Amino acid sequence: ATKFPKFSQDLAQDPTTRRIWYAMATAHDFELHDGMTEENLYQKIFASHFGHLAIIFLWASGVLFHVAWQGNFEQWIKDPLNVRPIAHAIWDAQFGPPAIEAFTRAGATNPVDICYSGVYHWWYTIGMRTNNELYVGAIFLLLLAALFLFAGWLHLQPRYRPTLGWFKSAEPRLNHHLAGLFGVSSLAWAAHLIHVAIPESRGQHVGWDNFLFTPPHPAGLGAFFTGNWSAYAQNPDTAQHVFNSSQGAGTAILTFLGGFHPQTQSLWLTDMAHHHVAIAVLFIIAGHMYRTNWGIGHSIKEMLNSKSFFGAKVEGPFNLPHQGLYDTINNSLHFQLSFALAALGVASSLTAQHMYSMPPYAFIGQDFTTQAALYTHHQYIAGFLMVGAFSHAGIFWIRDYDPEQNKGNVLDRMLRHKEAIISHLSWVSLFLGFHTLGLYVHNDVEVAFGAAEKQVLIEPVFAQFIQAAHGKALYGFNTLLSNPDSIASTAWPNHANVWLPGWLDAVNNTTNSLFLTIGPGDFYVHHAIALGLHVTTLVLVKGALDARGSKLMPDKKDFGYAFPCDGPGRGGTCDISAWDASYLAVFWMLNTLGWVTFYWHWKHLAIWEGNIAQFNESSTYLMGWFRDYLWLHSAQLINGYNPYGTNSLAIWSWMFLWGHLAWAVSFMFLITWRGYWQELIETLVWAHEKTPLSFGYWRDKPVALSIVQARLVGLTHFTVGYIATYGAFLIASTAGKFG
Amino acid sequence: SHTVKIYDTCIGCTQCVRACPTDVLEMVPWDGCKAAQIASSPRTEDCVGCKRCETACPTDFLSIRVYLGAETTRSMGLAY
Amino acid sequence: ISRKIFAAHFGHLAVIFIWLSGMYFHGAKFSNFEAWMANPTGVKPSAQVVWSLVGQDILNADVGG
Amino acid sequence: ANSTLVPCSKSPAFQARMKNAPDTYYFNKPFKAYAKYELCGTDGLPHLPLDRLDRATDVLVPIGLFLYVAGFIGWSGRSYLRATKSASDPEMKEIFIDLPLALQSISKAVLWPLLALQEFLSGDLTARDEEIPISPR
Amino acid sequence: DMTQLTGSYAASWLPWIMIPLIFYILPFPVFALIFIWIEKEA
Amino acid sequence: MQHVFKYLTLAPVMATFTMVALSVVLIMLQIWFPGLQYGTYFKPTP
Amino acid sequence: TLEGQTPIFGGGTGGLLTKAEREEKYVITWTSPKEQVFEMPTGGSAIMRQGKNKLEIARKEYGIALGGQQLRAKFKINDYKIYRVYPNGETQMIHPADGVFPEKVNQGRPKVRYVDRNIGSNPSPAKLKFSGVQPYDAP
Amino acid sequence: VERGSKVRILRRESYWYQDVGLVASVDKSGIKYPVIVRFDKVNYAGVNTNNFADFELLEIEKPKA
Amino acid sequence: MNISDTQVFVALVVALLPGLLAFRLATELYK
Amino acid sequence: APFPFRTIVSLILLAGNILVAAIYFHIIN
Ligand code: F6C
Ligand code: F6C
Ligand code: CLA
Ligand code: CLA
Ligand code: CLA
Ligand code: CLA
Ligand SMILES: CC1=C(/C=C/C(C)=C/C=C/C(C)=C\C=C\C=C(C)\C=C\C=C(C)\C=C\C2=C(C)CCCC2(C)C)C(C)(C)CCC1
Ligand code: SF4
């Protein structure tokens, strides 16, 4: 036996190469480690979280340091709309002179990458101006990462290891994370915006050397304590304000103008300052809801176990049995992880959907490639987070759920009508797929036969009505905010719609992405998105709810979350575990996010080209997507290098192929299965044993990858190829035609 | 090694023992079924995990269950 | 088994003969074979003609002759 | 009211498409019908809106017709399956269609909405939850 | 000139030395360290 | 002869007959009334 | 020592490997009424002798397959024994363990790994958290 | 239960859980699962018979006559 | 005007502290 | 069973949907 892995004697005694592979695959599955107790589990998780925070801080510090060292931040400040931000320098000693010339650009005298993460715009908005400030921020983040690493080490020492009760105390953690982690952090960010960001945007330098004696507002803090809060909203930035200058600049620190700054085409800094102030107040209030040490406050266990509604006998909240759930969540780390992953996925989706339509950073809405990259990035991350939420829901079902302590509650009811849930999800998926695909191919056939007028073109009237209700007067509707006489627009009792003028100006501006005009193609692609969402949810939910067992495998819970199969008996049981359901659902998540990002990218490409009619007329049939989106926009990408030379897109050209390679490799791991490779490996073992001069000999017997390992490796190759190919295409097709 | 467990629903049909390619199972005297015998797994060290025994088992649900565990040289079926 | 092989081979030969008959009949009835024979280098061979019900008659390419 | 859709007979793009269309069976009368009855977008192609109280029959007739036909097929199949349950060999009744039984099922399913309502009211439409095979939780 | 890798940033020799070190000098010793780690008898 | 009748009631044969009949009905509808669209069914020709 | 004459076999590539000399090996012995052709477990055909035959094999499954699907089923030979041989020379007869074939019930055999319940009564894994016991091993 | 009785299966892990079977025979010895039940539908292994105890069955229709 | 040689060297020296602390944390977690 | 709580919640949600549709159909403003 080997020392490695330290956490599993079963793997340590494995005499094959599998021992290594599984050692990497189960290293962070702490609950299955040998002799693991709950307290040790929680303490190790605490230290690991400290390490992950340190890693995040080091990553941010590295981004800042490389921008300050090899970027062009100060040059980009003077002309954000025409200067390409620089990510970092290129040192690839096997470049040729054509590649060196092609990658020497953006005002640099050496090969550089063009930043597409938007960090230049973000740092510009928050008031950073010089490379020295970025360097100081990088040093500070290095020190912060060091502090968190030391904290992780310290909270593993015998005196500082928290007890299990400390980890299980939910109410104080909620109070501190609502009032302090969310509220106080938001208040401090609003303070940074008011004291630093806004003065810097008004041409006034505020730093550590002078922020103590430079008040952010002429009225001072006296106006706050005397109740004269309106003084903070007086004299806002004029519509002729020039960013990073005092020309047309007001003195207000907390306005509620709404809409966009006319020049930067982004949200007002004072608007975001007031936003974070209000958010901080709300979260600090929310952080006092639960009882910790002073009697006052709700008890979550009492709320979940309550059975009386002001005297009347109810079975629970909304007359639904919620009893016993407090112990279910409080004892299941996977349940909490499922909620956390689902919340983070929804938050990432909202981030993507709200930053492109309401850009928060100066001029970032005019950096088309950056916009596309950020949207695609956060949408794909959201999809992965949703997949993880449901995977850990299934893990909870198998490992942490017991029917006895959840007898008769709402979770048990869901487990009892899982069949109806899954069948109705399947019906929704079938209806959406059948009708969406049928209408798409009907339009395909009609357009192919020279009968484009015979297409079924269903108008998205409900979403158009919502847009009109939000103030979009293009459609001719006269409802709510698009009707100036409506009670919604006037707000008759109080007329406090100080947001409405700017909001309407932003909505009806034709040069932004705020409520883009939508037609039949948008209708069809949203229904395709709904189909993808419902099928991915069906796969994940069917896996989670059947994780404990089914008719084919009644005793699945006794086999764990991830096992290959139950053999060829009973008809065959390939891909029967809930892990296999998550594996299958990753494919559908990738497909759905591909549809979503294809739609976003093609619509915005049509808008940026000035050829919105192309999308409007071609998105209603799938040949339009295949020809006018993929084939039409692949030309510059695939001409990054050719027999006539190379340009700056060459890297993307290579990566575009690289992804297609990785994707292809995935098929090998996904189509061919283990026994073939095991027999081939046996033949190779014979060959090696019978060949002279080959003094090497395996210390771990070479074996084919396991079934589950093969599925995981194939999925990893598939996803990596997917991401690399689409990212290369996105960057090349947007940057190759624009800045 | 893998774990092979026999439950009290066994009817002593001896099919799992006949189907085993490494002689993990045998038939032992019993009184819980009409056949007066039950399957046993004294030699789970030789179990490769093929699950032919489960395929052969006629009861519902299975009277014999194989749980794949720590992999050894003979459990992976390695001739090298 | 061998008798089954022999009979099935006869059946497949019948299928192939039906296919060849179809090719010859379509080249005799629904083609431009005579026009192509007149002008081999300036006429595209064509032996399939579609009906006109759902706009698929657009597939009736101008094949010359 | 909706202003981004106009009648196809008043859309210049639709008129251009109509004029440039081939003169065959597939275009003349269909284009006249679209001009008289359809609403067109700025692209000149007919669009189907669901924001009009008027022409509500244009929405209800196709939906109702399809729902009737689909319910007819479903009720025929369901009644045939329920009639074959009492037979000795229902699987053989499923690979071999019983013509009298299928004809009777189709004739009854001609009036499928009333039969479905009667079955739902009498509790005969659905089987009880405890009488349906399910998997362990 | 654009016939060679250069750097106008401070200490442009740092990539010159660090790219070889991280990518084709140290990685094989690191793999050797990991291989010794994962093959040690108990 | 009754064996041939029983064969004609086979599920594949009946499915083929039904599909052919429905396809013929739809094809004749296309031939007689080409270009029917939602919002146009059961309306007189202008 | 194990006695018997090896079957006629000109050599093959599916024979023993380093595992035979390093870890373990198996030997199947039997008696046939006549010299006849059989199939080696790892490919090729061999000729079992008139008398008592001894064959070395890399895995126990090879011997089980040869004894069951060929010796008993095809050649009506029922006296084959499978021994496990270690590099130090230790030899133990492993099949049949007690002289009676496992499929036939024999007195004195104890119940091994028997669970006194139906498979559906295994406890949920949540009950056995951090105890190290599997649901099928629970009492 | 007895021979000819119609029963509903109560064994959760059974393929025929909450399904209906027909009793074929009952063993009068002291074995754990004496009742033999036959089903119209085969399970995933193609088997249509199984042994159950009395407490795992619910009598739903007495034997004829 | 990007950072100078001295700033890069100071950042390199400073990064040693998180490196050593990360090594300490990793070795402590391995226990 | 008439399902009182279920049908009351369902009717409230349906009334909300009908009100939104009435606004959407220009029946009310
Ligand atoms: C160790 C030792 C050893 C040895 C000696 O000693 C050997 C040898 C042999 C002979 C006999 C033969 C011939 C050769 C050739 O041509 O091919 C190869 C190539 C190469 C290049 C290989 C390589 C070689 C060596 C390894 C060298 C090393 C050196 C380095 C540089 C080190 C480095 C270190 C650092 C740290 C990184 C072979 C082979 C085969 N392999 Mg084989 N090996 C081994 C290893 C290994 C591993 C790990 C794996 C996994 C990946 C495999 C794989 C494989 C396959 C698939 C196959 C095939 O097919 C082949 C055959 O069979 O035929 C027939 N195998 N190989
Ligand atoms: C879902 C999805 C979908 C939809 C929904 O919506 C549809 C619809 C449509 C409409 C609108 C029209 C007409 C209507 C009528 O007919 O009317 C009369 C009748 C009545 C009124 C009534 C009738 C009734 C019946 C007879 C009953 C029965 C039925 C059955 C059951 C069905 C089943 C059977 C089977 C099929 C055999 C049409 C048509 C077209 N299509 Mg189209 N689709 C689709 C699909 C598809 C696909 C896949 C493809 C490819 C193949 C295509 C193709 C095509 C072509 C070529 C053409 C043409 O010519 C046409 C026209 O012109 O346009 C305008 N698409 N579309
Ligand atoms: C904060 C988020 C979070 C956390 C704490 C966890 C934590 C956990 N997950 Mg989980 N998961 C998450 C998000 C998260 N996950 C998401 C978003 C998904 C959807 C993709 C999943 C999908 C998932 C599955 C399907 C499974 C887990 C499992 C586990 C547990 C064991 C981890 C393991 O296998 O060892 C560590 C594992 C690895 C290090 C995997 C290797 C890396 C993979 C192959 C990605 C490929 C790397 C890629 C090329 C580059 C990435 C960057 C590089 C630096 C690695 C552990 C409790 C497993 C479990 O509980 O077993 C029963 C399990 O089966 N999770
Ligand atoms: C192009 C690729 C593709 C397509 C079309 C589908 C289609 C489908 N998948 Mg799927 N899948 C795919 C790739 C694909 N998958 C891959 C690569 C994976 C990863 C392994 C999965 C994993 C996966 C899972 C895990 C699940 C699905 C599900 C589904 C179904 C849900 C959608 C639906 O009902 O729409 C309606 C159906 C369709 C659009 C299918 C096409 C219907 C055709 C066009 C009708 C034509 C009829 C015509 C007469 C045929 C001509 C005759 C011919 C027989 C000779 C559907 C059948 C889910 C499911 O079954 O839920 C119901 C489900 O659970 N799939
Ligand atoms: C016999 C008629 C019949 C009826 C009444 C139903 C009814 C139902 N099916 Mg269903 N189904 C049928 C046949 C039928 N099915 C067949 C033959 C198949 C195999 C292709 C399926 C496959 C199927 C799936 C995969 C799903 C359903 C679902 C459903 C439910 C909602 C969706 C729906 O209405 O149909 C949906 C119908 C389809 C998806 C395709 C059916 C179309 C076939 C070709 C109709 C065949 C008619 C038959 C040949 C008539 C012969 C009768 C004659 C002898 C008199 C509903 C209870 C869904 C569900 O569980 O929702 C809760 C679901 O996920 N069905
Ligand atoms: C996570 C942060 C991060 C990342 C991804 C990068 C990325 C890069 N750096 Mg870099 N760097 C960083 C932080 C970072 N830097 C910091 C904080 C410093 C100051 C000490 C430097 C100083 C630096 C120099 C001097 C040079 C680079 C260079 C490079 C490039 C080649 C790699 C190399 O030689 O590394 C060199 C790395 C170092 C000298 C020290 C890196 C210190 C960081 C903090 C380590 C981070 C470890 C990470 C968080 C743990 C990973 C965990 C794992 C599971 C993934 C590459 C673009 C080279 C370049 O520009 O080529 C063109 C180059 O010559 N870097
Ligand atoms: C107004 C309108 C609309 C809407 C609508 C809606 C929204 C609806 C809803 C609906 C719903 C919400 C429904 C529900 C349902 C439920 C249930 C529960 C059902 C059931 C059913 C059944 C049971 C059936 C049966 C049968 C029959 C009767 C026949 C055939 C066979 C069968 C058996 C299948 C739209 C826009 C679209 C269009 C226009 C008009
Ligand atoms: S899994 Fe295979 S080797 Fe193990 S006892 Fe069952 S039949 Fe024998």
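Chain identifiers are assigned alphabetically (A, B, ...) following the order of the sequence lines, protein sequences preceding nucleic acid strands; residue numbering begins at 1 within each chain.
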- Query: Does any heavy atom of chain A fall under 4.5 Å from the side chain of E:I38, the backbone, both, or neither of them?
  - Reply: both

- Query: Do you know which two heavy atoms are closest between A:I90 and E:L5, and how far apart they sit?
  - Reply: O-CD2, 3.8 Å

- Task: Inspect the surroundings of NE2 in A:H28 and state if more than 12 heavy atoms from other residues, nucleotides or ligands are less than 6.0 Å away.
- Result: no

- Item | Heavy-atom pair count under 4.5 Å with chain A, highest-scoring of E:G7, E:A42, E:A10 | E:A42

- side chain to side chain contact (heavy atoms under 4.5 Å, CB included) with A:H33: which residues, sequence neighbours excluded? A:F7, A:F30, A:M36

- Would you please name every residue forming a side chain to side chain contact (heavy atoms under 4.5 Å, CB included) with E:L33, sequence neighbours left out? none

- Query: Could you name the residues of residues 54-64 of chain A that have a heavy atom within less than 4.5 Å of a heavy atom in chain E?
  - Reply: none

Donor-acceptor pairs between chain A and chain E under 3.5 Å, which ones?
from   : atom 1 : to    : atom 2 : distance (Å)
A:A1   : O      : E:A42 : N      : 2.9
A:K3   : N      : E:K40 : O      : 2.9
A:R19  : NH1    : E:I38 : O      : 2.9
A:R19  : NH2    : E:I38 : O      : 3.0
A:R19  : NH2    : E:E39 : OE1    : 3.4
A:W69  : NE1    : E:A10 : O      : 2.8
A:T109 : OG1    : E:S8  : OG     : 3.3
A:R699 : NE     : E:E39 : O      : 3.1
A:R699 : NE     : E:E39 : OE1    : 3.1
A:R699 : NH2    : E:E39 : O      : 2.8
A:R699 : NH2    : E:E41 : OE2    : 2.7

